[PDB]
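Okay, query.pdb is below, PDB, C-alpha atoms:
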```pdb
ATOM      1  CA  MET A   1      12.034  36.111  39.230
ATOM      2  CA  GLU A   2      13.033  34.580  42.597
ATOM      3  CA  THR A   3      12.931  30.712  43.077
ATOM      4  CA  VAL A   4      10.228  28.535  43.753
ATOM      5  CA  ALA A   5       9.881  25.504  45.938
ATOM      6  CA  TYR A   6       8.412  22.291  44.680
ATOM      7  CA  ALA A   7       5.501  23.040  47.046
ATOM      8  CA  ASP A   8       4.622  26.193  45.053
ATOM      9  CA  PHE A   9       4.185  24.083  41.913
ATOM     10  CA  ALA A  10       2.275  21.363  43.845
ATOM     11  CA  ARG A  11      -0.472  23.727  45.090
ATOM     12  CA  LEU A  12      -1.627  24.141  41.467
ATOM     13  CA  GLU A  13      -4.250  21.660  40.036
ATOM     14  CA  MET A  14      -3.340  21.344  36.342
ATOM     15  CA  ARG A  15      -4.945  18.688  34.202
ATOM     16  CA  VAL A  16      -5.330  17.652  30.592
ATOM     17  CA  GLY A  17      -8.817  18.542  29.370
ATOM     18  CA  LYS A  18     -10.852  18.273  26.193
ATOM     19  CA  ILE A  19     -13.028  21.070  24.860
ATOM     20  CA  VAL A  20     -16.614  19.891  24.681
ATOM     21  CA  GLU A  21     -18.759  22.980  24.159
ATOM     22  CA  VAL A  22     -17.867  26.391  22.657
ATOM     23  CA  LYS A  23     -20.372  29.208  23.008
ATOM     24  CA  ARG A  24     -20.485  32.595  21.380
ATOM     25  CA  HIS A  25     -23.097  35.123  22.559
ATOM     26  CA  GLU A  26     -25.088  36.687  19.717
ATOM     27  CA  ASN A  27     -24.053  40.222  20.770
ATOM     28  CA  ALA A  28     -20.559  39.270  20.431
ATOM     29  CA  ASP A  29     -16.982  40.414  20.668
ATOM     30  CA  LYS A  30     -13.870  38.842  22.128
ATOM     31  CA  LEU A  31     -15.240  36.423  24.704
ATOM     32  CA  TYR A  32     -16.473  32.844  24.341
ATOM     33  CA  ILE A  33     -17.721  30.444  26.937
ATOM     34  CA  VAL A  34     -15.909  27.114  26.756
ATOM     35  CA  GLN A  35     -16.667  23.877  28.564
ATOM     36  CA  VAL A  36     -13.705  21.676  29.269
ATOM     37  CA  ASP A  37     -14.079  17.961  30.086
ATOM     38  CA  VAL A  38     -11.573  17.135  32.826
ATOM     39  CA  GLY A  39     -12.389  13.415  33.063
ATOM     40  CA  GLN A  40     -15.135  13.123  35.684
ATOM     41  CA  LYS A  41     -16.486  16.691  35.604
ATOM     42  CA  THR A  42     -16.790  19.514  33.098
ATOM     43  CA  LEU A  43     -15.430  22.989  33.980
ATOM     44  CA  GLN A  44     -16.251  26.363  32.433
ATOM     45  CA  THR A  45     -13.705  28.924  31.241
ATOM     46  CA  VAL A  46     -14.116  32.190  29.419
ATOM     47  CA  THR A  47     -11.770  32.715  26.405
ATOM     48  CA  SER A  48     -10.134  34.697  24.472
ATOM     49  CA  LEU A  49      -8.778  32.459  21.748
ATOM     50  CA  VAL A  50     -11.526  32.215  19.169
ATOM     51  CA  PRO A  51     -10.798  34.224  16.101
ATOM     52  CA  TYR A  52      -7.182  33.002  16.406
ATOM     53  CA  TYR A  53      -8.635  29.458  16.618
ATOM     54  CA  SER A  54     -12.009  28.631  15.064
ATOM     55  CA  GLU A  55     -14.925  27.471  17.278
ATOM     56  CA  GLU A  56     -14.938  24.338  15.146
ATOM     57  CA  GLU A  57     -11.163  24.141  15.662
ATOM     58  CA  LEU A  58     -11.525  24.268  19.450
ATOM     59  CA  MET A  59     -14.202  21.529  19.567
ATOM     60  CA  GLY A  60     -12.687  18.193  20.679
ATOM     61  CA  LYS A  61      -9.212  19.773  21.140
ATOM     62  CA  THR A  62      -6.990  18.403  23.915
ATOM     63  CA  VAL A  63      -5.825  21.273  26.211
ATOM     64  CA  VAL A  64      -4.170  21.875  29.568
ATOM     65  CA  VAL A  65      -6.168  23.698  32.310
ATOM     66  CA  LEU A  66      -5.504  25.166  35.729
ATOM     67  CA  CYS A  67      -8.502  23.981  37.687
ATOM     68  CA  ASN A  68      -8.228  25.398  41.220
ATOM     69  CA  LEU A  69      -7.972  29.121  40.594
ATOM     70  CA  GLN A  70     -10.308  31.346  42.687
ATOM     71  CA  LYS A  71     -13.721  31.629  41.002
ATOM     72  CA  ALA A  72     -13.631  34.574  38.608
ATOM     73  CA  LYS A  73     -16.318  36.564  36.905
ATOM     74  CA  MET A  74     -15.816  38.067  33.494
ATOM     75  CA  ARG A  75     -18.670  40.110  32.080
ATOM     76  CA  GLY A  76     -20.779  38.246  34.614
ATOM     77  CA  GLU A  77     -19.693  34.808  33.333
ATOM     78  CA  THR A  78     -17.900  32.453  35.692
ATOM     79  CA  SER A  79     -14.420  31.299  34.855
ATOM     80  CA  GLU A  80     -13.483  28.315  37.082
ATOM     81  CA  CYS A  81     -10.495  27.061  35.097
ATOM     82  CA  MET A  82      -8.012  28.640  32.672
ATOM     83  CA  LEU A  83      -6.288  27.315  29.590
ATOM     84  CA  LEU A  84      -2.501  27.261  29.483
ATOM     85  CA  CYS A  85      -0.869  28.785  26.376
ATOM     86  CA  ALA A  86       2.578  29.707  25.078
ATOM     87  CA  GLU A  87       2.673  33.277  23.865
ATOM     88  CA  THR A  88       5.194  35.127  21.660
ATOM     89  CA  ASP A  89       7.239  37.818  23.479
ATOM     90  CA  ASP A  90       5.175  40.611  21.918
ATOM     91  CA  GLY A  91       1.823  39.015  22.773
ATOM     92  CA  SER A  92       1.073  38.624  19.067
ATOM     93  CA  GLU A  93       0.190  34.918  19.136
ATOM     94  CA  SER A  94      -0.942  32.512  21.845
ATOM     95  CA  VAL A  95      -0.860  28.748  21.234
ATOM     96  CA  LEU A  96      -2.571  26.148  23.438
ATOM     97  CA  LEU A  97      -0.386  23.646  25.358
ATOM     98  CA  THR A  98      -1.155  19.962  24.892
ATOM     99  CA  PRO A  99       0.342  16.564  25.773
ATOM    100  CA  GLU A 100       2.532  15.706  22.746
ATOM    101  CA  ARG A 101       0.557  12.442  22.299
ATOM    102  CA  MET A 102      -3.115  11.666  22.884
ATOM    103  CA  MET A 103      -4.049  11.374  26.604
ATOM    104  CA  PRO A 104      -7.362  10.944  28.544
ATOM    105  CA  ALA A 105      -9.242  13.982  29.786
ATOM    106  CA  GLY A 106      -8.413  14.544  33.453
ATOM    107  CA  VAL A 107      -4.856  13.134  33.764
ATOM    108  CA  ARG A 108      -2.700  15.321  36.045
ATOM    109  CA  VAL A 109       0.136  17.575  34.946
ATOM    110  CA  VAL A 110       3.243  16.878  36.995
ATOM    111  CA  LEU A 111       6.933  17.748  37.016
ATOM    112  CA  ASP A 112       9.144  14.849  35.726
TER     113      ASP A 112
ATOM    114  CA  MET B   1      -7.060  21.046  46.819
ATOM    115  CA  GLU B   2      -7.828  24.595  48.038
ATOM    116  CA  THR B   3      -7.830  27.560  45.505
ATOM    117  CA  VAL B   4      -5.162  29.429  44.131
ATOM    118  CA  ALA B   5      -4.744  33.074  43.339
ATOM    119  CA  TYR B   6      -3.506  34.266  40.007
ATOM    120  CA  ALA B   7      -0.381  35.394  41.904
ATOM    121  CA  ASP B   8       0.443  31.763  42.811
ATOM    122  CA  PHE B   9       0.537  30.863  39.112
ATOM    123  CA  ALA B  10       2.501  34.053  38.248
ATOM    124  CA  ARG B  11       5.428  33.269  40.594
ATOM    125  CA  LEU B  12       6.289  30.280  38.367
ATOM    126  CA  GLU B  13       8.690  30.807  35.360
ATOM    127  CA  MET B  14       7.461  28.337  32.722
ATOM    128  CA  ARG B  15       8.782  28.498  29.195
ATOM    129  CA  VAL B  16       8.824  26.527  25.974
ATOM    130  CA  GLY B  17      12.227  24.899  25.516
ATOM    131  CA  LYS B  18      13.977  22.667  23.013
ATOM    132  CA  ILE B  19      16.135  19.715  23.993
ATOM    133  CA  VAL B  20      19.647  20.247  22.704
ATOM    134  CA  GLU B  21      21.853  17.696  24.446
ATOM    135  CA  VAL B  22      20.966  14.317  26.022
ATOM    136  CA  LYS B  23      23.593  12.579  28.121
ATOM    137  CA  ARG B  24      23.695   9.086  29.509
ATOM    138  CA  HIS B  25      26.487   8.149  31.943
ATOM    139  CA  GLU B  26      28.290   4.926  31.017
ATOM    140  CA  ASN B  27      27.477   3.350  34.413
ATOM    141  CA  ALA B  28      23.935   3.872  33.778
ATOM    142  CA  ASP B  29      20.435   3.405  35.079
ATOM    143  CA  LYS B  30      17.401   5.658  35.164
ATOM    144  CA  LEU B  31      18.891   9.138  35.000
ATOM    145  CA  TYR B  32      19.957  11.246  32.019
ATOM    146  CA  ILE B  33      21.328  14.732  31.892
ATOM    147  CA  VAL B  34      19.386  16.917  29.472
ATOM    148  CA  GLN B  35      20.173  20.409  28.242
ATOM    149  CA  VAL B  36      17.201  22.525  27.344
ATOM    150  CA  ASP B  37      17.505  25.624  25.127
ATOM    151  CA  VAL B  38      15.209  28.291  26.571
ATOM    152  CA  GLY B  39      15.905  30.950  23.924
ATOM    153  CA  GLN B  40      18.848  32.974  25.240
ATOM    154  CA  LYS B  41      20.318  30.454  27.698
ATOM    155  CA  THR B  42      20.515  26.690  28.066
ATOM    156  CA  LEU B  43      19.363  25.039  31.330
ATOM    157  CA  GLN B  44      20.176  21.590  32.705
ATOM    158  CA  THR B  45      17.635  19.075  34.003
ATOM    159  CA  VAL B  46      18.012  15.511  35.147
ATOM    160  CA  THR B  47      15.442  13.025  33.706
ATOM    161  CA  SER B  48      13.724  10.324  34.002
ATOM    162  CA  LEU B  49      12.062   9.882  30.640
ATOM    163  CA  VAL B  50      14.573   8.047  28.496
ATOM    164  CA  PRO B  51      13.665   4.458  27.975
ATOM    165  CA  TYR B  52      10.045   5.643  27.584
ATOM    166  CA  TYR B  53      11.378   8.141  24.997
ATOM    167  CA  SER B  54      14.577   7.431  23.061
ATOM    168  CA  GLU B  55      17.624   9.738  23.450
ATOM    169  CA  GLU B  56      17.343  10.287  19.711
ATOM    170  CA  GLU B  57      13.619  10.938  20.229
ATOM    171  CA  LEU B  58      14.303  13.627  22.837
ATOM    172  CA  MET B  59      16.876  15.466  20.676
ATOM    173  CA  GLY B  60      15.338  18.595  19.095
ATOM    174  CA  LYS B  61      11.975  17.995  20.859
ATOM    175  CA  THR B  62       9.945  21.046  21.902
ATOM    176  CA  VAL B  63       9.083  20.838  25.654
ATOM    177  CA  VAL B  64       7.739  22.962  28.491
ATOM    178  CA  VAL B  65      10.026  23.673  31.508
ATOM    179  CA  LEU B  66       9.706  25.222  34.941
ATOM    180  CA  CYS B  67      12.812  27.352  35.132
ATOM    181  CA  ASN B  68      12.888  29.005  38.571
ATOM    182  CA  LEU B  69      12.718  26.037  40.913
ATOM    183  CA  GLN B  70      15.303  25.987  43.760
ATOM    184  CA  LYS B  71      18.570  24.429  42.549
ATOM    185  CA  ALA B  72      18.388  20.679  43.116
ATOM    186  CA  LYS B  73      20.994  17.982  43.211
ATOM    187  CA  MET B  74      20.263  14.474  42.067
ATOM    188  CA  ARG B  75      23.062  11.947  42.381
ATOM    189  CA  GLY B  76      25.307  14.994  42.535
ATOM    190  CA  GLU B  77      23.991  16.415  39.235
ATOM    191  CA  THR B  78      22.315  19.810  39.238
ATOM    192  CA  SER B  79      18.737  20.103  38.118
ATOM    193  CA  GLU B  80      17.882  23.793  37.497
ATOM    194  CA  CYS B  81      14.693  23.291  35.491
ATOM    195  CA  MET B  82      12.075  20.531  35.233
ATOM    196  CA  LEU B  83      10.051  19.222  32.332
ATOM    197  CA  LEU B  84       6.269  19.320  32.538
ATOM    198  CA  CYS B  85       4.440  16.063  31.709
ATOM    199  CA  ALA B  86       0.932  14.612  31.805
ATOM    200  CA  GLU B  87       0.868  11.309  33.625
ATOM    201  CA  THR B  88      -1.760   8.530  33.716
ATOM    202  CA  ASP B  89      -3.544   8.124  37.090
ATOM    203  CA  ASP B  90      -1.516   5.011  37.924
ATOM    204  CA  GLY B  91       1.835   6.596  37.042
ATOM    205  CA  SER B  92       2.256   4.104  34.202
ATOM    206  CA  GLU B  93       3.003   6.629  31.446
ATOM    207  CA  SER B  94       4.269  10.207  31.402
ATOM    208  CA  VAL B  95       3.997  12.305  28.227
ATOM    209  CA  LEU B  96       5.790  15.621  27.651
ATOM    210  CA  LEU B  97       3.683  18.806  27.284
ATOM    211  CA  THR B  98       4.274  20.926  24.195
ATOM    212  CA  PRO B  99       2.731  23.927  22.412
ATOM    213  CA  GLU B 100       0.266  22.360  19.930
ATOM    214  CA  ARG B 101       2.074  24.165  17.063
ATOM    215  CA  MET B 102       5.751  24.984  16.577
ATOM    216  CA  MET B 103       6.982  27.885  18.783
ATOM    217  CA  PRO B 104      10.428  29.481  19.492
ATOM    218  CA  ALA B 105      12.516  28.272  22.404
ATOM    219  CA  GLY B 106      12.019  30.620  25.351
ATOM    220  CA  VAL B 107       8.452  31.935  24.821
ATOM    221  CA  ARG B 108       6.577  32.214  28.144
ATOM    222  CA  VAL B 109       3.744  29.986  29.302
ATOM    223  CA  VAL B 110       0.796  32.080  30.426
ATOM    224  CA  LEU B 111      -2.844  31.643  31.390
ATOM    225  CA  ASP B 112      -5.261  32.736  28.576
TER     226      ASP B 112
END
```

As structure tokens - that is how I would like this structure written.
Amino acid sequence: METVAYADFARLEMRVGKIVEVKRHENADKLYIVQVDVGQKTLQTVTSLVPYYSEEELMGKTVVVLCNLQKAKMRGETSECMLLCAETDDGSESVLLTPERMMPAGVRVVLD
Amino acid sequence: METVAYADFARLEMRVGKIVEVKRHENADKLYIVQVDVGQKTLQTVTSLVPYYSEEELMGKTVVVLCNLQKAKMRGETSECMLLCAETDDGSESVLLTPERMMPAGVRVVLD
């Protein structure tokens, strides 16, 4: 696609987060409500990733979230952040991004 | 900052890359030229990260790059991609982002 100014990257609020609550409705299927600790507040996202990852696997996991996306409703649940993943070219597998070493919840993602 | 449409995230070309060449000019200081394999092509960036990371440490490392930023010159060297990092709130330490598991060079970064 076309370039991209630095300003276009800057308008995004991306932070390291840690998953603190993973919720599965009883009547099921596909979606899970996830709470992500982003340092001084906790933001809700609706995922997506669970059979691929376990619920137990997601708990305490360090992740990367986009935090200033327009409020979204999915099946009536609010998504106010979204997890960043790398996905294979055929959509078969999606893997969460993470800082390569341990880092505090809430630290900003920046270009080097 | 203000929200953020999905479209604003979509205009960015972010991919998983692998560092394949790290170059240090003899007359020194701060900057290093890094080649990043992004699957079917290799893109140049100018970093930044080297004393913090070794050159040997960077070689073969899986990273995340923004690939469609306006061509930039730094000290006359072209930067045509930029590495994504998480940085502490005081700028003291910057850590490269990575998929949490091994993934091929070139796979796209997407929101879940």

Kindly assemble as CSV a list of the chain B residues that lie within 6 Å of chain A, each paired with its nearest atom pair and their distance in Å to one decimal, using only C-alpha atoms, sorted first by chain and then by ascending residue number.
```
residue,atom,partner,partner_atom,distance
B:3,CA,A:68,CA,4.8
B:4,CA,A:69,CA,4.5
B:5,CA,A:69,CA,5.8
B:68,CA,A:3,CA,4.8
B:69,CA,A:4,CA,4.5
B:70,CA,A:3,CA,5.3
B:83,CA,A:112,CA,5.6
B:84,CA,A:111,CA,4.8
B:85,CA,A:110,CA,5.5
B:86,CA,A:109,CA,4.4
B:87,CA,A:108,CA,5.9
B:88,CA,A:107,CA,5.5
B:96,CA,A:99,CA,5.8
B:97,CA,A:99,CA,4.3
B:98,CA,A:97,CA,5.5
B:99,CA,A:97,CA,4.3
B:100,CA,A:97,CA,5.6
B:107,CA,A:88,CA,5.5
B:108,CA,A:86,CA,5.6
B:109,CA,A:86,CA,4.4
B:110,CA,A:85,CA,5.5
B:111,CA,A:84,CA,4.8
B:112,CA,A:83,CA,5.6
```

Check which residues satisfy the PyMOL selection byres ((chain A and resi 24) around 12) in the file shown, then give them as a short mmCIF file (atom, residue, chain, number, x, y, z; two decimals) with C-alpha atoms, in the coordinates of the input.
```
data_model
loop_
_atom_site.label_atom_id
_atom_site.label_comp_id
_atom_site.auth_asym_id
_atom_site.auth_seq_id
_atom_site.Cartn_x
_atom_site.Cartn_y
_atom_site.Cartn_z
CA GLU A 21 -18.76 22.98 24.16
CA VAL A 22 -17.87 26.39 22.66
CA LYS A 23 -20.37 29.21 23.01
CA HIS A 25 -23.10 35.12 22.56
CA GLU A 26 -25.09 36.69 19.72
CA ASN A 27 -24.05 40.22 20.77
CA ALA A 28 -20.56 39.27 20.43
CA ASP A 29 -16.98 40.41 20.67
CA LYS A 30 -13.87 38.84 22.13
CA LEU A 31 -15.24 36.42 24.70
CA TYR A 32 -16.47 32.84 24.34
CA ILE A 33 -17.72 30.44 26.94
CA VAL A 34 -15.91 27.11 26.76
CA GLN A 35 -16.67 23.88 28.56
CA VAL A 46 -14.12 32.19 29.42
CA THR A 47 -11.77 32.72 26.40
CA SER A 48 -10.13 34.70 24.47
CA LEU A 49 -8.78 32.46 21.75
CA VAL A 50 -11.53 32.22 19.17
CA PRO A 51 -10.80 34.22 16.10
CA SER A 54 -12.01 28.63 15.06
CA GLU A 55 -14.92 27.47 17.28
CA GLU A 56 -14.94 24.34 15.15
#
```

## Note on the structure
As a check of understanding: the span from CA of residue 60 in chain B to CA of residue 80 in chain B is 19.3 Å

Hey, can I get the axis-aligned box for range 63-72 of chain A? All listed atoms, 4 Å padding on each side, centre and edge lengths in Å to one decimal, as lines of an AutoDock Vina configuration file.
```
center_x = -8.9
center_y = 27.9
center_z = 34.4
size_x = 17.6
size_y = 21.3
size_z = 24.5
```

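Taking CA of residue 43 in chain A as the reference point, CA of residue 17 in chain A is found at 9.2 Å.
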
Expected residue set, 7 Å radius at (-11.9, 10.5, 35.2), all atoms listed in the file, as a PDB file with C-alpha atoms, keeping the file's coordinate frame:
```
ATOM      1  CA  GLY A  39     -12.389  13.415  33.063  1.00  0.00           C
ATOM      2  CA  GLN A  40     -15.135  13.123  35.684  1.00  0.00           C
ATOM      3  CA  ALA A 105      -9.242  13.982  29.786  1.00  0.00           C
ATOM      4  CA  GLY A 106      -8.413  14.544  33.453  1.00  0.00           C
TER       5      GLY A 106
END
```

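CA of residue 58 in chain B is found 25.8 Å from CA of residue 18 in chain A.
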
#### Entry: Selected residue, from B:77, B:72, B:44, B:52, that lies nearest to residue 92 in chain B when counting only C-alpha atoms
B:52
